[PDB]
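**Q** One file is attached below, run-v5.pdb, containing PDB, C-alpha atoms and all ligand atoms.
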ATOM      1  CA  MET A   1     199.179 -56.331  25.014  1.00  0.00           C
ATOM      2  CA  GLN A   2     197.103 -59.462  25.613  1.00  0.00           C
ATOM      3  CA  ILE A   3     197.017 -62.203  22.988  1.00  0.00           C
ATOM      4  CA  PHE A   4     195.276 -65.602  23.053  1.00  0.00           C
ATOM      5  CA  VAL A   5     196.920 -68.928  22.161  1.00  0.00           C
ATOM      6  CA  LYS A   6     194.335 -71.627  21.275  1.00  0.00           C
ATOM      7  CA  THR A   7     195.552 -75.224  21.608  1.00  0.00           C
ATOM      8  CA  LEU A   8     194.097 -78.337  19.911  1.00  0.00           C
ATOM      9  CA  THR A   9     192.506 -79.533  23.170  1.00  0.00           C
ATOM     10  CA  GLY A  10     190.217 -76.550  23.491  1.00  0.00           C
ATOM     11  CA  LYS A  11     192.294 -74.803  26.107  1.00  0.00           C
ATOM     12  CA  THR A  12     193.099 -71.157  25.370  1.00  0.00           C
ATOM     13  CA  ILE A  13     196.003 -69.501  27.163  1.00  0.00           C
ATOM     14  CA  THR A  14     196.328 -65.747  27.549  1.00  0.00           C
ATOM     15  CA  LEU A  15     199.780 -64.180  27.331  1.00  0.00           C
ATOM     16  CA  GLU A  16     201.036 -60.643  27.889  1.00  0.00           C
ATOM     17  CA  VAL A  17     203.398 -59.641  25.143  1.00  0.00           C
ATOM     18  CA  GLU A  18     204.774 -56.704  23.202  1.00  0.00           C
ATOM     19  CA  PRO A  19     204.814 -56.530  19.396  1.00  0.00           C
ATOM     20  CA  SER A  20     208.586 -56.194  19.645  1.00  0.00           C
ATOM     21  CA  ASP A  21     208.888 -59.667  21.153  1.00  0.00           C
ATOM     22  CA  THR A  22     210.347 -62.393  19.001  1.00  0.00           C
ATOM     23  CA  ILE A  23     208.538 -65.645  18.268  1.00  0.00           C
ATOM     24  CA  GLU A  24     211.278 -67.453  20.239  1.00  0.00           C
ATOM     25  CA  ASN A  25     210.328 -65.334  23.265  1.00  0.00           C
ATOM     26  CA  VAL A  26     206.647 -66.101  22.901  1.00  0.00           C
ATOM     27  CA  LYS A  27     207.439 -69.822  22.823  1.00  0.00           C
ATOM     28  CA  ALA A  28     209.483 -69.436  26.026  1.00  0.00           C
ATOM     29  CA  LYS A  29     206.531 -67.695  27.755  1.00  0.00           C
ATOM     30  CA  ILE A  30     204.277 -70.592  26.711  1.00  0.00           C
ATOM     31  CA  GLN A  31     206.823 -73.102  28.088  1.00  0.00           C
ATOM     32  CA  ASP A  32     207.016 -71.148  31.334  1.00  0.00           C
ATOM     33  CA  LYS A  33     203.238 -71.151  31.770  1.00  0.00           C
ATOM     34  CA  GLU A  34     202.065 -74.512  30.386  1.00  0.00           C
ATOM     35  CA  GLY A  35     205.284 -76.496  30.247  1.00  0.00           C
ATOM     36  CA  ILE A  36     205.370 -77.266  26.549  1.00  0.00           C
ATOM     37  CA  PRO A  37     208.948 -77.416  25.193  1.00  0.00           C
ATOM     38  CA  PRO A  38     209.556 -74.795  22.492  1.00  0.00           C
ATOM     39  CA  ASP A  39     210.787 -77.458  20.055  1.00  0.00           C
ATOM     40  CA  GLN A  40     207.315 -79.029  20.062  1.00  0.00           C
ATOM     41  CA  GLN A  41     205.479 -75.752  19.368  1.00  0.00           C
ATOM     42  CA  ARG A  42     204.209 -74.719  15.925  1.00  0.00           C
ATOM     43  CA  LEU A  43     202.512 -71.274  16.051  1.00  0.00           C
ATOM     44  CA  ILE A  44     200.028 -70.306  13.331  1.00  0.00           C
ATOM     45  CA  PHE A  45     198.515 -66.873  12.595  1.00  0.00           C
ATOM     46  CA  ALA A  46     196.567 -65.885   9.496  1.00  0.00           C
ATOM     47  CA  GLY A  47     197.609 -69.133   7.884  1.00  0.00           C
ATOM     48  CA  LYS A  48     201.349 -68.541   8.219  1.00  0.00           C
ATOM     49  CA  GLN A  49     203.660 -70.614  10.468  1.00  0.00           C
ATOM     50  CA  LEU A  50     205.528 -68.109  12.676  1.00  0.00           C
ATOM     51  CA  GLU A  51     209.348 -68.208  12.549  1.00  0.00           C
ATOM     52  CA  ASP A  52     211.469 -67.877  15.720  1.00  0.00           C
ATOM     53  CA  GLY A  53     213.667 -64.881  14.768  1.00  0.00           C
ATOM     54  CA  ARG A  54     210.828 -62.603  13.605  1.00  0.00           C
ATOM     55  CA  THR A  55     208.855 -60.353  15.989  1.00  0.00           C
ATOM     56  CA  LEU A  56     205.053 -60.238  16.418  1.00  0.00           C
ATOM     57  CA  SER A  57     205.096 -56.836  14.675  1.00  0.00           C
ATOM     58  CA  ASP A  58     206.594 -58.480  11.568  1.00  0.00           C
ATOM     59  CA  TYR A  59     203.321 -60.368  11.176  1.00  0.00           C
ATOM     60  CA  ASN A  60     201.032 -57.435  12.096  1.00  0.00           C
ATOM     61  CA  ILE A  61     199.684 -59.257  15.184  1.00  0.00           C
ATOM     62  CA  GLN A  62     197.578 -56.647  17.081  1.00  0.00           C
ATOM     63  CA  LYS A  63     196.107 -56.738  20.604  1.00  0.00           C
ATOM     64  CA  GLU A  64     193.632 -59.511  21.289  1.00  0.00           C
ATOM     65  CA  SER A  65     194.682 -61.590  18.308  1.00  0.00           C
ATOM     66  CA  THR A  66     194.499 -65.403  18.610  1.00  0.00           C
ATOM     67  CA  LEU A  67     197.412 -67.623  17.505  1.00  0.00           C
ATOM     68  CA  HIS A  68     196.895 -71.367  17.019  1.00  0.00           C
ATOM     69  CA  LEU A  69     199.343 -73.769  18.673  1.00  0.00           C
ATOM     70  CA  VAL A  70     199.857 -77.161  17.011  1.00  0.00           C
ATOM     71  CA  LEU A  71     202.247 -79.586  18.767  1.00  0.00           C
TER      72      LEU A  71
ATOM     73  CA  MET B   1     170.096 -80.367  29.631  1.00  0.00           C
ATOM     74  CA  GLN B   2     169.966 -78.641  26.242  1.00  0.00           C
ATOM     75  CA  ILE B   3     169.942 -74.850  26.055  1.00  0.00           C
ATOM     76  CA  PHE B   4     169.972 -72.549  23.006  1.00  0.00           C
ATOM     77  CA  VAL B   5     172.311 -69.572  22.523  1.00  0.00           C
ATOM     78  CA  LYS B   6     170.971 -67.088  19.920  1.00  0.00           C
ATOM     79  CA  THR B   7     173.587 -64.805  18.346  1.00  0.00           C
ATOM     80  CA  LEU B   8     172.997 -61.437  16.615  1.00  0.00           C
ATOM     81  CA  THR B   9     173.566 -62.960  13.161  1.00  0.00           C
ATOM     82  CA  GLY B  10     170.609 -65.296  13.381  1.00  0.00           C
ATOM     83  CA  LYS B  11     172.652 -68.364  14.163  1.00  0.00           C
ATOM     84  CA  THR B  12     171.483 -70.367  17.181  1.00  0.00           C
ATOM     85  CA  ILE B  13     173.891 -72.772  18.857  1.00  0.00           C
ATOM     86  CA  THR B  14     172.756 -75.661  21.029  1.00  0.00           C
ATOM     87  CA  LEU B  15     174.805 -76.553  24.097  1.00  0.00           C
ATOM     88  CA  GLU B  16     174.587 -79.404  26.593  1.00  0.00           C
ATOM     89  CA  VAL B  17     174.935 -78.103  30.104  1.00  0.00           C
ATOM     90  CA  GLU B  18     174.019 -78.742  33.714  1.00  0.00           C
ATOM     91  CA  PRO B  19     172.393 -76.131  35.966  1.00  0.00           C
ATOM     92  CA  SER B  20     175.409 -76.498  38.240  1.00  0.00           C
ATOM     93  CA  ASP B  21     177.722 -75.159  35.544  1.00  0.00           C
ATOM     94  CA  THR B  22     179.138 -71.699  36.010  1.00  0.00           C
ATOM     95  CA  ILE B  23     178.720 -68.928  33.452  1.00  0.00           C
ATOM     96  CA  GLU B  24     182.508 -69.050  32.905  1.00  0.00           C
ATOM     97  CA  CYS B  25     182.132 -72.717  31.868  1.00  0.00           C
ATOM     98  CA  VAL B  26     179.310 -71.958  29.486  1.00  0.00           C
ATOM     99  CA  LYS B  27     181.464 -69.300  27.819  1.00  0.00           C
ATOM    100  CA  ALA B  28     184.291 -71.842  27.458  1.00  0.00           C
ATOM    101  CA  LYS B  29     181.902 -74.329  25.775  1.00  0.00           C
ATOM    102  CA  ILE B  30     180.846 -71.589  23.338  1.00  0.00           C
ATOM    103  CA  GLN B  31     184.521 -70.798  22.597  1.00  0.00           C
ATOM    104  CA  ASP B  32     185.218 -74.485  22.041  1.00  0.00           C
ATOM    105  CA  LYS B  33     182.345 -74.842  19.573  1.00  0.00           C
ATOM    106  CA  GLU B  34     182.216 -71.520  17.690  1.00  0.00           C
ATOM    107  CA  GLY B  35     185.586 -70.002  18.501  1.00  0.00           C
ATOM    108  CA  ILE B  36     184.435 -66.812  20.164  1.00  0.00           C
ATOM    109  CA  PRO B  37     186.825 -65.692  22.939  1.00  0.00           C
ATOM    110  CA  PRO B  38     185.103 -65.572  26.338  1.00  0.00           C
ATOM    111  CA  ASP B  39     186.189 -61.954  26.866  1.00  0.00           C
ATOM    112  CA  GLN B  40     184.036 -60.906  23.900  1.00  0.00           C
ATOM    113  CA  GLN B  41     180.902 -62.713  25.126  1.00  0.00           C
ATOM    114  CA  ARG B  42     178.013 -60.978  26.906  1.00  0.00           C
ATOM    115  CA  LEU B  43     175.260 -63.489  27.854  1.00  0.00           C
ATOM    116  CA  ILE B  44     171.717 -62.242  28.478  1.00  0.00           C
ATOM    117  CA  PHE B  45     168.762 -64.123  30.006  1.00  0.00           C
ATOM    118  CA  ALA B  46     165.484 -62.612  31.170  1.00  0.00           C
ATOM    119  CA  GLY B  47     167.003 -59.180  30.783  1.00  0.00           C
ATOM    120  CA  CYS B  48     169.958 -59.823  33.107  1.00  0.00           C
ATOM    121  CA  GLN B  49     173.590 -59.930  32.032  1.00  0.00           C
ATOM    122  CA  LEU B  50     174.979 -63.236  33.362  1.00  0.00           C
ATOM    123  CA  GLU B  51     178.057 -63.032  35.624  1.00  0.00           C
ATOM    124  CA  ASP B  52     180.956 -65.510  35.293  1.00  0.00           C
ATOM    125  CA  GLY B  53     181.093 -66.889  38.869  1.00  0.00           C
ATOM    126  CA  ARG B  54     177.367 -67.676  39.182  1.00  0.00           C
ATOM    127  CA  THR B  55     175.829 -70.976  38.008  1.00  0.00           C
ATOM    128  CA  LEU B  56     172.886 -71.410  35.598  1.00  0.00           C
ATOM    129  CA  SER B  57     170.782 -72.528  38.586  1.00  0.00           C
ATOM    130  CA  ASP B  58     171.381 -69.137  40.243  1.00  0.00           C
ATOM    131  CA  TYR B  59     169.355 -67.581  37.430  1.00  0.00           C
ATOM    132  CA  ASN B  60     166.671 -70.310  37.288  1.00  0.00           C
ATOM    133  CA  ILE B  61     167.623 -71.271  33.704  1.00  0.00           C
ATOM    134  CA  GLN B  62     165.626 -74.476  32.934  1.00  0.00           C
ATOM    135  CA  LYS B  63     165.946 -76.934  30.006  1.00  0.00           C
ATOM    136  CA  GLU B  64     165.377 -75.547  26.588  1.00  0.00           C
ATOM    137  CA  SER B  65     165.848 -71.946  27.653  1.00  0.00           C
ATOM    138  CA  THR B  66     167.410 -69.509  25.146  1.00  0.00           C
ATOM    139  CA  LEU B  67     170.225 -67.137  26.178  1.00  0.00           C
ATOM    140  CA  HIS B  68     171.159 -64.184  23.955  1.00  0.00           C
ATOM    141  CA  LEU B  69     174.827 -63.668  23.066  1.00  0.00           C
ATOM    142  CA  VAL B  70     175.958 -60.108  22.311  1.00  0.00           C
ATOM    143  CA  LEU B  71     179.630 -59.649  21.317  1.00  0.00           C
ATOM    144  CA  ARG B  72     181.586 -56.798  22.873  1.00  0.00           C
ATOM    145  CA  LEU B  73     182.796 -54.363  20.176  1.00  0.00           C
ATOM    146  CA  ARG B  74     185.555 -55.816  18.019  1.00  0.00           C
ATOM    147  CA  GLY B  75     189.012 -55.384  19.529  1.00  0.00           C
ATOM    148  CA  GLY B  76     190.227 -53.880  22.794  1.00  0.00           C
TER     149      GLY B  76
HETATM  150  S1  LIG C 101     181.975 -74.682  35.699  1.00  0.00           S
HETATM  151  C1  LIG C 101     183.160 -75.635  36.677  1.00  0.00           C
HETATM  152  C2  LIG C 101     182.836 -75.509  38.174  1.00  0.00           C
HETATM  153  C3  LIG C 101     181.616 -75.675  38.701  1.00  0.00           C
HETATM  154  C4  LIG C 101     181.595 -75.532  40.185  1.00  0.00           C
HETATM  155  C5  LIG C 101     181.243 -76.833  40.892  1.00  0.00           C
HETATM  156  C6  LIG C 101     180.743 -74.355  40.648  1.00  0.00           C
HETATM  157  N1  LIG C 101     183.041 -75.213  40.485  1.00  0.00           N
HETATM  158  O1  LIG C 101     183.478 -75.001  41.618  1.00  0.00           O
HETATM  159  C7  LIG C 101     183.869 -75.187  39.213  1.00  0.00           C
HETATM  160  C8  LIG C 101     184.445 -73.778  39.085  1.00  0.00           C
HETATM  161  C9  LIG C 101     184.962 -76.245  39.371  1.00  0.00           C
HETATM  162  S1  LIG C 102     170.995 -58.495  35.943  1.00  0.00           S
HETATM  163  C1  LIG C 102     170.262 -56.859  36.165  1.00  0.00           C
HETATM  164  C2  LIG C 102     171.219 -55.772  35.644  1.00  0.00           C
HETATM  165  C3  LIG C 102     171.830 -55.811  34.453  1.00  0.00           C
HETATM  166  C4  LIG C 102     172.675 -54.608  34.188  1.00  0.00           C
HETATM  167  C5  LIG C 102     172.146 -53.768  33.034  1.00  0.00           C
HETATM  168  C6  LIG C 102     174.153 -54.952  34.046  1.00  0.00           C
HETATM  169  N1  LIG C 102     172.494 -53.820  35.465  1.00  0.00           N
HETATM  170  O1  LIG C 102     173.037 -52.736  35.686  1.00  0.00           O
HETATM  171  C7  LIG C 102     171.566 -54.539  36.425  1.00  0.00           C
HETATM  172  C8  LIG C 102     172.372 -54.829  37.693  1.00  0.00           C
HETATM  173  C9  LIG C 102     170.387 -53.604  36.692  1.00  0.00           C
END
Let me see whether you can do it: turn the structure in this file into C-alpha cells.
**A**
Amino acid sequence: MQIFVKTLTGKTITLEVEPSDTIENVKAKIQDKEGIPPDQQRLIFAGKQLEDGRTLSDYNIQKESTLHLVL
Amino acid sequence: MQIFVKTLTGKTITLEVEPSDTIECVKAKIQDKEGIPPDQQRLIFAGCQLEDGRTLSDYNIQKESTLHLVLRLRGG
C-alpha cells in the first residue's frame, strides 16, 4: 500500500509498505530513500508518536494515509 | 503572478506562480499551503483538466486567472 511521509520542509515522500511492517522497518525505508538516520526520525500519526516495535496495523494506518516526520 | 484556486467548499487560495511552472509544481505549492496530497488534486481551467507535465503557459493561464480544484474521491 502507498503511504505519504510529510517532512517539515514541505517535501512529501511516498513509500510502499504493508500494514504488517514495523515502525523500525518504515524508518529504514526512509533512510534508504532520503538518507535520514533512523535515530533522528520521529514519526507522528493521528497525534501519536509511533514506536519502533509496533506495526502500522497496530495504529490502524490505512492506504494513502500521511505520517508526519519531525527530525 | 497571482492566481486563484477555488475549492468545492467555497475556500479560495491565492498562489504566486510563473507561467513557466509545471502543473506538478502548482500541485506541490497547493500541498505545501493547504496540505492536500497532489494525487487527490484535479485542476480545471477553461473546461480542461490540467496535466502534470505541461506548464501554465501551455494553457494560456494569465495573471489573476482562477483554476478550479476538485478532489478525487476520498481514499484509494
Ligand atoms: S515546475 C519545475 C520545472 C519547470 C521546468 C523548467 C519546466 N522544469 O524542467 C522543471 C520540471 C524543473
Ligand atoms: S482538456 C479537454 C479534455 C478534458 C477531458 C474531459 C479529460 N477530456 O477527455 C478532454 C481530452 C476532452
**Q** Between CA of residue 50 (chain A) and CA of residue 63 (chain A), measure the distance and give it in Å to one decimal.
**A**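 Between CA of residue 50 (chain A) and CA of residue 63 (chain A) the gap works out to 16.8 Å.
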**Q** Using only C-alpha atoms and all ligand atoms, what are the residues with an atom within 6 Å of ligand LIG 101 (chain C), set out as a PyMOL selection string?
**A** chain B and resi 21-22+25
**Q** I need the chosen residues saved as a compact mmCIF listing (two decimals), in the frame of the given file, with C-alpha atoms.
**A**
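New file again.txt:
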# COMPACT_ATOMS: atom_id res chain seq x y z
CA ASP B 21 177.72 -75.16 35.54
CA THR B 22 179.14 -71.70 36.01
CA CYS B 25 182.13 -72.72 31.87
**Q** Build an axis-aligned box that encloses every atom of ligand LIG 102 (chain C) listed in the file, pad it by 8 Å on each side, and report its centre and edge lengths in Å to one decimal, as JSON.
**A**
{"center_x": 172.2, "center_y": -55.6, "center_z": 35.4, "size_x": 19.9, "size_y": 21.8, "size_z": 20.7}
**Q** Return the neighbours of chain A among the residues of chain B, cut-off 12 Å, counting all atoms listed in the file, as a ChimeraX atom specification.
**A** /B:25,28-40,74-76
**Q** If you keep C-alpha atoms, can you produce a file of those selected residues as a PDB file, in the coordinates of the input?
**A**
ATOM      1  CA  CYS B  25     182.132 -72.717  31.868  1.00  0.00           C
ATOM      2  CA  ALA B  28     184.291 -71.842  27.458  1.00  0.00           C
ATOM      3  CA  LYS B  29     181.902 -74.329  25.775  1.00  0.00           C
ATOM      4  CA  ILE B  30     180.846 -71.589  23.338  1.00  0.00           C
ATOM      5  CA  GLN B  31     184.521 -70.798  22.597  1.00  0.00           C
ATOM      6  CA  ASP B  32     185.218 -74.485  22.041  1.00  0.00           C
ATOM      7  CA  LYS B  33     182.345 -74.842  19.573  1.00  0.00           C
ATOM      8  CA  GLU B  34     182.216 -71.520  17.690  1.00  0.00           C
ATOM      9  CA  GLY B  35     185.586 -70.002  18.501  1.00  0.00           C
ATOM     10  CA  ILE B  36     184.435 -66.812  20.164  1.00  0.00           C
ATOM     11  CA  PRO B  37     186.825 -65.692  22.939  1.00  0.00           C
ATOM     12  CA  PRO B  38     185.103 -65.572  26.338  1.00  0.00           C
ATOM     13  CA  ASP B  39     186.189 -61.954  26.866  1.00  0.00           C
ATOM     14  CA  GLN B  40     184.036 -60.906  23.900  1.00  0.00           C
ATOM     15  CA  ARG B  74     185.555 -55.816  18.019  1.00  0.00           C
ATOM     16  CA  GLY B  75     189.012 -55.384  19.529  1.00  0.00           C
ATOM     17  CA  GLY B  76     190.227 -53.880  22.794  1.00  0.00           C
TER      18      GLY B  76
END
**Q** Could you check the closest approach to ligand LIG 102 (chain C) for each of B:11, B:6, B:54, B:27 and tell me which residue wins, using all atoms listed in the file?
**A** B:54
**Q** Please find the residues contacting ligand LIG 102 (chain C) at a distance of at most 12 Å between atoms, with all atoms listed in the file counted, and report them as number ranges by chain.
**A** B: 42-51, 54, 58-59
**Q** Report, in Å to a single decimal, how far apart CA of residue 67 (chain A) and CA of residue 53 (chain A) are.
**A**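 For CA of residue 53 (chain A) relative to CA of residue 67 (chain A), the distance reads 16.7 Å.
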**Q** Just checking: using all atoms listed in the file, which residue out of B:8, B:41, B:18, B:23 ends up closest to residue 62 (chain B)?
**A**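 Among B:8, B:41, B:18, B:23, it is B:18 that comes nearest to residue 62 (chain B).
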**Q** Interatomic distance between CA of residue 9 (chain B) and CA of residue 52 (chain B)?
**A** 23.5 Å
